[PDB]
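Only one structure is covered here, and it is reproduced in the block below.
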Amino acid sequence: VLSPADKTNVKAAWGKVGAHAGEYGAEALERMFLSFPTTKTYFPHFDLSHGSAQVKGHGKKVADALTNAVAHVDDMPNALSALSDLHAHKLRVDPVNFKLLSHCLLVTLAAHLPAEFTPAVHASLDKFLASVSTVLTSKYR
Amino acid sequence: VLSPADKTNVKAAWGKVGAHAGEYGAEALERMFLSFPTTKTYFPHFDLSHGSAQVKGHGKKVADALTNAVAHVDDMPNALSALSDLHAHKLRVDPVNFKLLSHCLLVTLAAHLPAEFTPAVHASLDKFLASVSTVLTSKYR
Amino acid sequence: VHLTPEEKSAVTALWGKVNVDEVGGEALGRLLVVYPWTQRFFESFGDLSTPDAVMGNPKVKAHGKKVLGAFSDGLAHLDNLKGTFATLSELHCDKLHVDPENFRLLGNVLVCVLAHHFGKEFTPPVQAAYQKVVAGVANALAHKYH
Amino acid sequence: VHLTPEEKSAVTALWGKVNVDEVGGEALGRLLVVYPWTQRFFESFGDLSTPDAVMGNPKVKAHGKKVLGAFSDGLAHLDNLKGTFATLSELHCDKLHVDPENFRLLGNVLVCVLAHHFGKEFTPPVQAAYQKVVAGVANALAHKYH
Ligand code: HEM
Ligand code: HEM
Ligand code: HNI
Ligand code: HNI
C-alpha cells in the first residue's frame with residue numbers, strides 16, 4: 001500500500017516532471033526496448049529505432065496514464081480500469097514486462113531529477129510504479 | 001480476484017486433500033528445496049536431511065495456514081494477517097520465492113489428485129496460491 | 001546446463017514412458033487455460049472459448065504435439081541446448097514475436113502435467129531434474145532474442 | 001551475456017568516471033531503503049530504522065565499498081564472469097545464505113544510482129550495456145548455488 005509519505009513523494013516528483021512527462025514516457029520506452037529486447041515482441045508493428053515518431057507518441061499516452069494515476073492515487077483500481085481491461089484482454093502483455101517498464105521509468109526519473117530522486121523518493125516511486133503495474137495486471141484471469 | 005467459481009474449485013479440491021494436507025505441505029517443501037535450491041537460503045538453521053522431522057513439522061504449519069485461508073477464502077487479508085506480518089517484518093523472505101513454493105504446492109496437488117486436477121481446477125488453484133502469496137507479501141514495504 | 005550423470009539418467013528414464021501426443025496436448029492446452037493471455041498467439045486455432053474447447057481443439061492438440069516433439073529432440077542435446085535451439089530461438093523472436101516468458105510458463109505447466117500423469121513416480125528428485133531441463137530449454141529458446 | 005565492442009567501451013568510459021567507494025555505499029544503502037527486506041542480512045550493522053539511518057550508516061557504507069570493489073574488479077573480465085565470481089558465489093551460498101535475487105535487485109539499484117549521478121550522460125544505449133553487465137554479474141553470483 002502507498003503510505004502518506006509515498007503519496008507526498010510521488011506527487012512532488014511527478015510535479016517536478018511537469019510538462020516533461022510525455023518526453024520522459026518516450027525515453028522510458030526507448031530505454032526498455034534497448035535494455036530488454038523481449039519487450040519488443042509486443043510492438044512488431046512499431047518503428048522501434050531511435051527517434052521513432054510512434055515511440056514518441058506512445059510515450060505521451062503512457063505518461064498521461066501515469067498523470068491520471070497520480071491524480072487518483074487512492075483509487076487506481078478504478079481510475080485505470082479501462083487500461084487494465086485493455087492490457088488483460090486486447091493486448092495480453094505478459095505480466096512480467098511491467099516490472100521492466102517500471103524500472104525504465106525509474107531510471108528515466110533518476111536521470112532527470114538530481115535533487116528530487118532521494119532514496120526515500122526512489123522507494124516511493126518504485127512502490128507507486130509497482131502498484132500501477134498490479135492494477136494493470138489485475139484482470140488477466 | 002478469485003471468482004465464485006474459483007472459490008468453489010478450491011474448496012472442493014482442498015476438501016479432497018483433507019487430512020493429507022500436512023503431508024502434502026512437507027512434500028511441497030521438499031520439492032521446493034530440491035528443485036529451487038536458492039530457497040534453502042531461508043532455512044540454513046533447519047535440518048534438511050531426508051525425512052527431516054523439522055521439515056515435516058514445518059510442512060504441517062504451512063498446510064494449516066492454507067487450510068485456514070481456504071476456510072476464509074472470502075476474507076484472506078484478515079485470515080492471514082499475523083502471517084503476513086511475520087513474513088514482511090521478521091522472516092523477510094524475498095517475494096520472488098512465493099511463486100516457487102506455489103508451483104511446488106501445485107505440483108504436489110497434481111501428483112495426488114489424479115481425478116480432481118482438471119484444467120479448470122489447476123487454474124483456480126494457481127490463482128488461489130497467487131492470492132495467498134499476494135496477501136503474504138502485502139506488508140513488505 | 002549442468003545436468004549430472006544421475007540427473008540425465010533420471011530425465012531419460014521418465015521420458016521413455018511419456019506419451020508425447022497426450023502430454024504435449026495437455027501442456028499447451030493447460031497453458032492457454034491457466035494463463036489465458038497466452039492465447040494471443042493462437043487466434044487462428046479457432047474455438048478457445050472454454051477450457052473444454054481449448055483442450056479438445058484439434059489445432060491446440062496438433063501444436064502441443066509438435067512443440068513437445070521439438071522439446072523431446074532437445075533431450076538428445078542436454079549439454080548444448082543453446083546450440084540445438086538456436087534456430088527456433090531466432091524464429092520465435094523475429095518471425096513469431098513470442099515473449100520468452102511463454103517458454104517458462106509452458107515449462108512449469110509441463111512439470112504439472114508430468115506430475116498429474118505419473119503421480120508418486122514423479123518424485124521430488126525427478127521433478128528437480130525436470131526443473132533443470134525446462135529452465136535450460138526456456139533459456140535456450142530465449143538466448144538468440146534481440 | 002554478450003556486450004558489443006561499442007558497449008564494452010561505453011561501460012569502460014563511464015566506469016572511469018565512477019567513484020567506486022561512493023557509488024557502492026550509495027547503491028547498498030538504496031537497496032536497503034527501497035527493498036527493506038534486504039536489511040535481513042545486516043542485523044550487526046546497527047541502526048537501519050530510517051532512510052537516513054541506512055544511507056549514512058558507516059557499516060553500510062563500508063560494506064558497499066567492498067561489494068562494489070568486487071563488482072569493479074569484475075568489469076575487467078566480462079567474458080568470464082562466472083569464473084570471476086565463482087568463489088564469491090560459493091561464499092554467498094554456503095556461508096552467508098544470501099538469496100541470489102538480492103544480486104538482481106542490487107544490479108537494478110546500481111543502474112538507478114548511475115542514472116542519478118550521471119544524468120543525461122547515462123543514455124539509453126549506455127543503460128542497455130550496463131543492464132547486460134548487471135544481469136551477467138548477478139547470474140555469475142547465482143551460478144554456484146546448490
Ligand atoms: C506503467 C506501465 C504501463 C502503462 C501506464 C501503460 C499505458 C498504456 C497506454 C495509455 C496505452 C494506450 C491505450 C489506448 O490505446 O487507449 C497502452 C498501450 C499499449 N501498451 Fe501499455 N502501459 C504500461 C505497460 C506496458 C508494457 C510493460 C507493455 C509491453 C512491454 C505494454 C504494451 C502495450 C502495447 C503493445 C499497447 C498498444 C500499442 C498499439 O499498438 O497501439 N504496456 N499502454
Ligand atoms: C504459500 C506460501 C507460504 C505459506 C502459506 C507460509 C506459511 C508459513 C507458516 C504457517 C509459518 C509458521 C509461522 C509461525 O511459526 O507462526 C511460516 C514460517 C516460515 N516461512 Fe513461510 N509460508 C509461505 C511461503 C514461504 C516461502 C516462499 C519461504 C521461503 C522460501 C518461507 C519461509 C519461511 C521461514 C524461513 C519460516 C520460519 C521457519 C522457522 O524458523 O521456524 N515461507 N510460513
Ligand atoms: C505460447 C506460445 C508458444 C510457446 C510457449 C512455444 C513453445 C515452444 C517450445 C518450448 C518447449 C518449443 C520447443 C517450440 C517449438 C516450436 N514452435 Ni513454438 N511456442 C509458442 C508459439 C509458437 C507459434 C505461434 C508457432 C507457430 C504456430 C503455427 O502453427 O503457425 C510456433 C511454432 C513452433 C514450431 C514450428 C516451427 C516451424 O514452422 O518450423 C516449433 C518446432 N510456436 N515452441
Ligand atoms: C543484500 C545482500 C547482499 C547483496 C546484494 C550482496 C551483493 C554482492 C555483490 C554484487 C554485485 C558482490 C560483488 C558482493 C561481494 C561481496 N559480498 Ni555480498 N552481498 C550481500 C550480502 C553480503 C553479506 C551478508 C556479506 C557479509 C557481511 C559481513 O557481515 O561481513 C557479504 C560479503 C561480501 C564480500 C566479502 C566476502 C567475505 O567476507 O569474505 C564481498 C567481496 N555480502 N556481494
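Shown for A:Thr39, A:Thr8: other C-beta atoms within 10 Å of each C-beta, ranked fewest to most, produce the order A:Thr8, A:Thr39.
Using only alpha carbon pairs under 8 Å that are at least six residues apart, calculate the relative contact order of the stretch B:1-75 and give it in whole percent.
RCO, the stretch B:1-75: 44 percent.
Scattering from the protein assembly as shown was approximated by placing one identical point on each alpha carbon and applying the Debye formula without solvent; log10 I(q)/I(0) at 0.06, 0.09, 0.10 1/Å stands at -0.30, -0.72, -0.91. For the stretch C:113-125, 3J(HN,Hα) computed residue by residue from phi via the Karplus equation (6.51, -1.76, 1.60; θ = phi - 60°) reads 4, 5, 4, 4, 6, 8, x, 4, 5, 8, 6, x, x Hz, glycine and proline entered as x.
With charges set only on the Cβ (+1 for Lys and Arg, -1 for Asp and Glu), what does the dipole of the stretch C:81-146 come to about its Cα centre, in debye to the nearest 20?
The calculated dipole for the stretch C:81-146 is roughly 160 debye.
Placing +1 on the Cβ of every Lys and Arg and -1 on the Cβ of every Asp and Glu, with no other charges, gives the protein assembly as shown a dipole of roughly 40 debye about its Cα centre.
Short-range pairs are left out: with C-alpha atoms under 8 Å and at least six residues apart, the relative contact order of chain A is 38 percent. Using Cβ point charges alone (K and R +1, D and E -1), the dipole size of the stretch D:41-127 about the Cα centre works out to roughly 200 debye.
Across chain C, C-alpha contacts under 8 Å between residues 6 or more apart give a mean separation that, scaled by the residue count, equals a relative contact order of 33 percent. Between the residues B:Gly25, B:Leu109, B:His122, the greatest Cα displacement towards the positive end of the dipole of chain B, with unit charges on the Cβ of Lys, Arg, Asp and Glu, is found for B:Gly25.
Pop the C-beta distance of C:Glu22 and A:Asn78 into the FRET formula with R0 = 45 Å and round what comes out to the nearest 0.05.
Working: r = 44 Å, r/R0 = 0.99.
Taking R0 as 45 Å, the efficiency between C:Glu22 and A:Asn78 is 0.50.
In this calculation the C-beta distance from C:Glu6 to C:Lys95 is compared with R0 = 35 Å, giving a FRET efficiency of 0.40. Each principal axis of chain A carries a Cα extent, and these read 40, 34, 22 Å when sorted largest first. Cα-based values for chain C, radius of gyration first and Dmax second, are 14.8, 44 Å.
Other protein chain C-beta atoms within 10 Å of residue C-beta, averaged over B:123-130: 3.
Using θ = phi - 60° in the Karplus curve 6.51 cos²θ - 1.76 cosθ + 1.60, the 3J(HN,Hα) couplings for the stretch C:133-146 round to 5, 5, 4, x, 5, 4, 5, 5, 5, 7, 5, 8, 5, 7 Hz; x is entered for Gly and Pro.
In peptide D:96-105, what is the residue-averaged number of other protein chain Cβ atoms found within 10 Å of each Cβ?
Per-residue shielding by partner chains comes out at 4.
Averaged over peptide C:107-115, the number of partner chain Cβ atoms lying within 10 Å of each residue's Cβ comes to 5.
Who wins for biggest fluctuation among A:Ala13, A:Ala28, A:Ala71 in a Gaussian network model of chain A, springs between alpha carbons below 10 Å? The residue with the greatest mean-square fluctuation here is A:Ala71. Here the sum of -39500 (n - 2.57) over DSSP H runs of 4 or more residues, divided by the residues of the protein assembly as shown, equals -20500 deg cm²/dmol at 222 nm, to the nearest 500. Taken along the Cα-to-beta-carbon direction at a fixed 7 Å, the label points for B:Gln54 and B:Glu23 span 2.5 nm. Spatially, the stretch C:44-104 and the stretch B:93-118 are offset by 23 Å when compared through their Cα centroids.
Spacing of the modelled spin labels on A:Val96 and D:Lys66, each 7 Å from Cα toward Cβ, amounts to 3.4 nm. Across the stretch C:84-89, rounded Karplus estimates of 3J(HN,Hα) from the backbone phi angles (6.51 cos²θ - 1.76 cosθ + 1.60, θ = phi - 60°) give 6, 8, 4, 4, 5, 4 Hz, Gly and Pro being marked x.
Where a number appears in this text, it was derived from the coordinates with a stated rule and is not lab data. Here the Cβ is made from the backbone with ideal geometry for all residues, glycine too, and neighbour counts use every protein chain on show.
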